[PDB]
Every structure is written in structure tokens, then in C-alpha cells.
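take these chains first, placed just as they are in the complex:
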Amino acid sequence: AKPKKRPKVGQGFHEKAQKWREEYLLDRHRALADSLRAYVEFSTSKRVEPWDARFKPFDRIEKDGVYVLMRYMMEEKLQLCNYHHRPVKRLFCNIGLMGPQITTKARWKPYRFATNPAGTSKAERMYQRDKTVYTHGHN
Amino acid sequence: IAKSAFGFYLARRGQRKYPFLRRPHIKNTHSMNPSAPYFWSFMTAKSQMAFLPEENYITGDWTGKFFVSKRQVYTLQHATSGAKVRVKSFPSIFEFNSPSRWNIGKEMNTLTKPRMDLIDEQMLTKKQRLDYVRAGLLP
């Protein structure tokens, strides 16, 4: 019986929490601008070839096989699409002359392996990406 | 230990498993999760054509609201008018004293951090401070 009021939050905590929230919002603004810049630059920059050079369709020498078709028919548009996996797969679908061979028989490098830059030559590159950028794993 | 009236009335019953997306008390601790590519599709209305929620407008002959609703989406007038904007949050409230144009079109709950990283060193007890130090949250 006879309830009494009991403080729960610190006496000076409220204003400190307010200013911490304001500073966090400003830091989030800065990080958002940085992440937008990095995402746009990643999307525009050319990436590595997303096809495995160790499987049946992409095994021939660069002077034969599907590589001749790629170099003489759809070479121009690969630079415009910047070798991203989704546009290259869509272009391979639309070009024909391959049929279901891009899915029933072909294979592609994983999602985090196909996002490496044009020249990497190293496995640990995917872990060298900036961490303060909140681009959700898009360099 | 959260202190509320419902804490005594109800029981946590351990780490019980709830139906998908049907927890009783919603606590969107992930509202402030940053994602630059998904900036317009995270914790926001799915369609760009949708109007702003009712909570962004005044309906009746009001006399005044102490704080605006969290779902109220920040607009240009919020910063341009230079008025007073407050959002209810732990512990008491968060006031927008730093009007910025980078948060136009985003919900105030998305802008405000629910789970504040700051920890009060005042109300913490001896055992609780020892626990926080052991966890590493406190020196």
C-alpha cells in the first residue's frame, strides 16, 4: 500500500540522450551521402567477368567457341553494361544462339565473387571493401 | 530490466517462438538500419504513388499535440517552417533541432534510433555495472 514515485531515468540523461541522437542523425547523414556516392560509383565502374572459365560453355580458347560470338557480336554492349552479372546474363539470354545453355549447362561465379573490380587477381579482395559504407555489400 | 505496467501482468514465458511477423509487442529496433540502394524501399510505403499517412495531417479542431507520431514522414515544410518537431522515444522525447534536407520523405521512426547505443552510468547498479563490464559494454 501507499505507492511512491521512483526515478527511472538519470537526472541529466534526457538532454544527453537528445544531443546524442542529434549527433547520430548528423553522422547518419554523412554516412548516407558516402554510401550513395560509393553505390553509384560501384554501379558505374566495370566489374570482373562473371562467367566461370572452368566449365563446359566457357572453356574454349578466347579465339574459338562462344568467345568469338561474344567478341564479334555482343562485345560493344558488355562495356556499356560494365560486366555486371545480371545484365550479362540478360544479354546472353536475348542474343540467342545459345538457347538454354546459359542455365542448363553454364555456371557463374557466386554473388560476392562476381562483384570484384575489373582486375583483381586475388581471392581476398571482397574483404578489402570499405566497411563504413552502408551499401549492403556493393563495394 | 524494462519497467512497465504490463511487465507484471504478462509473462515472457522464456524464449517462446511466435508466429512469423506476429509478435505481440512490436519493437522496430531495425528502423534506423542504413541501406543506400534500398533507401526508398526500407521501412517505407511500397508505392511512390501512395499519399502520406493520416498521422501527417491535422483532422479536427485540435488544441495541440505534445509530440507528433513516428509514422509521420518528414517533409520540406518541417525544416523550412522552423517550427518545433518532437517524437516520443525512450527515455522521454527526441526533438528535431537540426533540420536537414537529407531526411525529406523518410519516416521519423526511421530517422530516430530506437535502441540507443548510449548507456547510462548513473542508474546502473553495482551488479549491473559489473555485468556490463564483463560483457564489455562498460570499462
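Arrived safely. Residues are numbered from 1 along each chain as shown, chains lettered A, B, ... in the order given.

chain B contacts on chain A?
A:7-14, A:16-18, A:20-22, A:24-26, A:28-29, A:31-33, A:35-36, A:38-39, A:133-136, A:138 (C-beta under 8 Å from any C-beta of the partner chain). Any C-beta I mention is one placed from the backbone N, CA and C, and that applies to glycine too.

change it to 6 Å
Counting by C-beta under 6 Å from any C-beta of the partner chain, the residues of chain A close to chain B are A:9-10, A:13-14, A:20-22, A:24, A:29, A:35-36, A:39, A:134-136.

emit the PyMOL select command for whichever of those residues are buried.
When burial is assessed using 16 or more other C-beta atoms under 10 Å in any protein chain shown, the buried subset of these is captured in PyMOL by this command:
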select buried, chain A and resi 13+20+21+24+29+35+36+39+134+135
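
helices along chain A, start to end?
Residue ranges of the helices in chain A, as given by DSSP state H, are A:13-44, A:66-72, A:75-81, A:85-95.

of these, which is nearest residue A:56?
In this view, the helices of chain A are compared for proximity to residue A:56 by C-beta to C-beta, and helix A:66-72 is the closest at 10.3 Å.

buried residues in that closest one?
So for helix A:66-72, counting by 16+ other C-beta under 10 Å, buried means A:66, A:67, A:70.

mind adding chain C? sequence follows:
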Amino acid sequence: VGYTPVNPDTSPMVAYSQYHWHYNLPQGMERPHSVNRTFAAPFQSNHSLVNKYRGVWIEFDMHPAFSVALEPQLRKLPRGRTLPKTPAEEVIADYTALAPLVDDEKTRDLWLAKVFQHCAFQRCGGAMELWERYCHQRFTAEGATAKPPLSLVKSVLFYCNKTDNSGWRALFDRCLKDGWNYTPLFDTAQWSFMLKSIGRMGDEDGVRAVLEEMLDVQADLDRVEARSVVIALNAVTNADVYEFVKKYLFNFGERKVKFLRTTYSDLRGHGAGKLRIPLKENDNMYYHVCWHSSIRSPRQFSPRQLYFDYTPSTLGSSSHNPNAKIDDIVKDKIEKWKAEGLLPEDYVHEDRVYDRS
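Okay, here's chain C dropped in alongside the others:
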């Protein structure tokens, strides 16, 4: 067990106990019940009949030829549930200018009844001159022998009640059984209008005469509206007619007297604006109506209010009373013995104990 009760219809344990029918035993009807056939209640509705006419009907029925001939004139007179808003003097002038032309006593009487009804609806008090011009010479004067039509007499009564005229008695006395004997054909609406008009006019003997005639002729007191009865019973002040009202109030039903009390209370209180003319203060009649309603209604039990001041016997509560008189019992016994004669008559008795107060 617990504060919350157990419903036996839903609880299977009660339904399958030895005091009810188990599910293994055959399920069949036992002792068929006929309640609506052995004693069927009459239909009494809490809400009044919505489709009721709620007015006095004049039973307008004339020859079709005369009706169609007077159709241009009769459009202004009220029809069945249709009331034109023509000025009353216009129809009065039309009647006084065209009645001698049409040669039919019954048609003239019906037309005059419609004129009276219209002027009563408009509350125009100037139409009594029409009655004195046409009907007074032959229907009621120095022992008039004529038999007026029921429609005409009912219309005249409605008009006089609406205008609160003082000439209604000369016609009602003729309408008693020894004269025209039109009392049994009066509608309950007519009776209610008469009672309300007399209550407003404050006639002490009129209310008594009307109530006695209604009881004699078996008018439906229950269907007579409560407000008219309340207004009629508010105006009685003389002791004799008040006693008559007291003894007559037992004729009404229990629900009727309860709602009479309710209407009287609300009208002399909050519903004072409901009446166009405010009701006079008659606290004697108000108190008697409330008391009679309390008598007629079933009596509940309120033990705390009934026995708030109850005190036990002196001998019964002597142990629990620190200062109580016990020699009073001995004094009562001595008085009883003296009355019986065993003790000497009127013997001097001295106090047996000290007076502690």
C-alpha cells in the same frame, strides 16, 4: 467452484449427472409442454399502436350524388386523414350561403359536422353561432324532440372540447341515457379529449360526471390516454369529488395507475413545457396519485430502511445494554395483577430500585 457461476446447459457434467439425462440413456422428449394453450395472455404492447388514427372520427357518409355535387365545396373540408389548410371563415361563409339551397336534413347535418371539425382543428371559437343558427332551435331547446345524427353530435363535442367552451354540458346531459343515448358510441379519443378539456377548464363536477358515465358505459380506461386523465384529476379540489376520485381510482389497472403517476410527476416537473397551458399545483391530488400507485404496485423488501430505527426488547438486550430499565417489567406485572384483581386494586407501590439517570 469459485465466484464465477457454472452454466448447466453448457457444462456436460451437470447435463450428464444423475439429476439430468445421461447420453447413454435414450434421448427423447419427456412431458410435452403446452403453455400458450392452457392460458394465453392478451397482446399488450409497451409501445403504442403506431398505425393508430389517434383522433376523433366523424363517420362521414352521405349519398353519392350529394357528395359529388358538394365536391367543390368539400375539398376545403377535411377528408380522411387529409386536412386542408383553408381559412375557417371561408368554409363557414360557404356553409351559411349554400345550406338553404341544398334540401336534405342529413346532408346539411353532415356538412355542419365537417365545418365544426375543421374549425375545431383550426381552434376557431367563432363557429358556435352556426350551432345557435341551425341546430339549437330544433335539436336541444325547451324540450326539443328531434334526434340529432351521431356524426353531428360527435363533431360538436369535439369542437367544444377543442375550444374549451362552456356549452358542452347542455349537450352531454341530452346525450345521457335518458335522452339521445349517444354515450356508448363515443370513442376513447372523444373521452380523452373531453377529460383533457374539462381538466384545463377546471370544472369540479364535470370530471366526476364524465368519469362516472365512462364507468357506467364501460369506456376503456386503459386505452384512455394517461395525460387526459392526469389533467382531469388535477382540477378536483372539493372534498366530496376528491373522495369520489379516491374511490374511483381503483378501476384502473396497475400499469395504468403506475404510468398515470409517472406522467403526473414528469408533467408537473420537467414536462411542464409539454402542455400549451401549464398545469395548476394540486399537491393533494399529486400525493394521492403517488400513494395509490404505491399501494397498487407490488411491494418490494428494503429491510435496512424498514428497520433502521428498530430497537430490541429491554429483556432481550439487557445483557448488551449498559443502562436499561428492568424494573419496568416488574411494574408492568404489578399493573397486570392489579387489573386482574389478584393484587389489591390501586395499591401504592414504591420504587424498588434507584433511578440511575
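
the closest residue to chain A within chain C: neighbouring residues, count only.
Ranked by C-beta to the nearest C-beta, the top residue of chain C for proximity to chain A is residue C:3, at 23.6 Å. Other residues near residue C:3 number 4, with proximity taken as other C-beta atoms under 10 Å in any protein chain shown.

residue C:48 too?
By the criterion of other C-beta under 10 Å, residue C:48 has 9 neighbours.

sec struct for it, please.
Reduced to three states with DSSP: H, G, I helix; E, B strand; the rest coil, the structure at residue C:48 is coil.

how much space between it and chain B?
As judged by C-beta to the nearest C-beta, to the nearest Å, residue C:48 and chain B stand 41 Å apart.

before we move on, what about residue C:303?
Here residue C:303 is placed at a distance of 41 Å from chain B (C-beta to the nearest C-beta).

hmm, who's touching stretch B:59-71?
Applying C-beta atoms under 6 Å, 6 or more residues apart in numbering or on different chains, the external contacts of stretch B:59-71 come out as B:53, B:55, B:86, B:87, B:88, B:93, B:107, B:108, B:109.

could I get these as CSV with secondary structure and neighbour count?
CSV is the format used below for the contacts of stretch B:59-71 (DSSP: H, G, I helix; E, B strand; the rest coil; neighbours: other C-beta atoms under 10 Å in any protein chain shown):
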residue, secondary structure, neighbour count
B:53, coil, 13
B:55, helix, 14
B:86, strand, 17
B:87, strand, 19
B:88, strand, 14
B:93, strand, 15
B:107, strand, 22
B:108, helix, 26
B:109, helix, 19
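
chain D should join the structure above:
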Amino acid sequence: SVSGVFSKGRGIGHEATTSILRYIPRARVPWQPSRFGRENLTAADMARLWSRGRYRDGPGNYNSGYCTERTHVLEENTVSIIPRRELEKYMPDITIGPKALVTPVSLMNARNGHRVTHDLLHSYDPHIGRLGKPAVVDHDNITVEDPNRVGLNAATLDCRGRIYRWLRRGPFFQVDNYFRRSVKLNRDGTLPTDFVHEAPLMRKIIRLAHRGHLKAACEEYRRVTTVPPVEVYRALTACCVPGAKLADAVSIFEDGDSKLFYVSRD
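So that you can see how it sits with the rest, here is chain D on the chains above:
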């Protein structure tokens, strides 16, 4: 050592009946002789109790827009109410008024007997919003403050019985109450017609009927709220003769006589 929730109350009947009625004992309930209901509360206490009925969006709640306090203490931290003028700067003002809350009679059936969007369920029977005065529901004066205690809330005093009565409503309860309390027959015996607001609709129906547009005539007849006069029914019936629409004529006659005070008994 006497404590009381309310320190003052008022009676129901004024000083014209109680002074005479006090001499007649009243059989009060044996286990609670003294009763104190919402209709017995003082003005300020009743207002402050009715404000707290609504969970939110009500005057009782500290932050609902209709509060009147200058400041509110929150977790041992004072806060100042943002006034309506300052809110208006960044909150666009949309306000129609009492007309927005109310809905038409034709939509009352679809809304399940409710013509008001107010968060307190308004019942047209004179027993649920039973203050000292009988419960009368207004239409163009509906407001959040609601000065007349005609709505139903589930937090005020002596509300459990009213809630039970509301839940035990029969079919067509509100519709029947609205009909019987709005379209009552006149005392003088005249049908409840000649309504000034409803008059143009009758003329439109008559024009369509005499123009032979019976389908549109009925489609506008269904919009009639009060009881139409005998002219509408006679025109509608006379429209069926050229088309030999005996079915529709009989339906019109039934709808006229069986239900609406025998208007079509002509």
C-alpha cells in the same frame, strides 16, 4: 476519516415533485441503498470522466490533440504542448467539420445501423445514452467534445449494463429506433408528409413518372428518407398500365400500404 471519489452531486428531479414525493417511501435495492450514477454527477466531474472514456483521440488522453493542459510531465521531464498555430506550419490543415462524421441513411444499412463515424457508438434508442434527459442523437452537431452524453463509451461510470444492452440489440435495432423516432405519425391524424426538405424529391419522382421513366422513378424513390405522399404512389401505379407491369404495381402498393402507414390506401 471519510474519503470520497466525488465531493458533490446533484439530483435529477427539480424542486417541484420531490418535495411531495418524499413522503412515499421508495424500495431501494437492499444490498446498495445509496447509488450514485453518471446522470447524478456534477458538470465538471462528468465532463472529466467522459473525456477519459476513449483510449486515445479523446480529451482525456494527454496527447490526443484535444487536451487543454499547458504542460505535461513525462518521465520526470517537463514538456510543452505544441500549439495548433505552430503545428499548422508543417501539418496541412484538412477539416470538414461535423458533416464529415455523419453518413447518409442509404449508407446506414451498409454501415450496420450507424450514421456517425464517431468512435463512440451512437444508438438511437432513448435508453443507452440515458442521462437525466432521454437519449437524443444529433446529426449536424456531432463533435469530439460531444456536450450531450448521448454516445456510448466503455470506461465511464455505470457503463457495464449499457454495454450489455447494446450487445443484446435485436436485428434492425438502430434502424427501427431511427424509423420510429423520426417518422412518427402526427397527432392530428395527418400523415407525416409535406416535409420542406424532402419536397423537391417528390416533384422529381412525379415528373419522371409522368414522363414514363418508371425505372429511374423507382431509382430515385429508393433515395426517399421520409414517407412519400399518395401522389408518388398513384403516379407510380399509373405508370404500369401501358407496360402491363402488374408485378411492379403490386410491389409498389404493398410497400405503400403494408408498411408506411397505409399511404397507398387510395
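
once more on the neighbour count of residue C:48, this time with chain D?
By other C-beta under 10 Å, the burial measure for residue C:48, its neighbour count, is 10.

the one 3 residues further on too?
When neighbours are defined as other C-beta under 10 Å, residue C:51 has 10 of them.

where's it relative to chain D, distance?
Residue C:51 sits 6 Å away from chain D when distances are taken as C-beta to the nearest C-beta.

how about the contacts made by that residue?
Contacts here follow C-beta under 6 Å, 6+ apart; on that basis residue C:51 touches residue D:261.

cool, and residue D:94?
Residue D:94 makes contact with residue B:57 under the criterion C-beta under 6 Å, 6+ apart.

now residue D:203: phi and psi?
Residue D:203 adopts backbone torsions of phi -60, psi -40, taken as degrees, to the nearest 10.

burial measure for residue D:82, as a count.
Applying other C-beta under 10 Å, we find 19 residues neighbouring residue D:82.

check contacts around the residue sitting nearest the centre point of chain A.
Nearest to the mean C-alpha position of chain A, counting by C-alpha atoms, centre = their mean, stands residue A:138 at 3.0 Å. Residues in contact with residue A:138 (C-beta under 6 Å, 6+ apart) are A:39, A:42.

so after the helix or strand residue C:200 falls within, what's the next helix or strand?
Here residue C:200 sits within helix C:188-201, counting by DSSP states H and E. Using DSSP H and E, the next helix or strand after helix C:188-201 towards the C-terminus is helix C:204-217.

great, nothing more from me.
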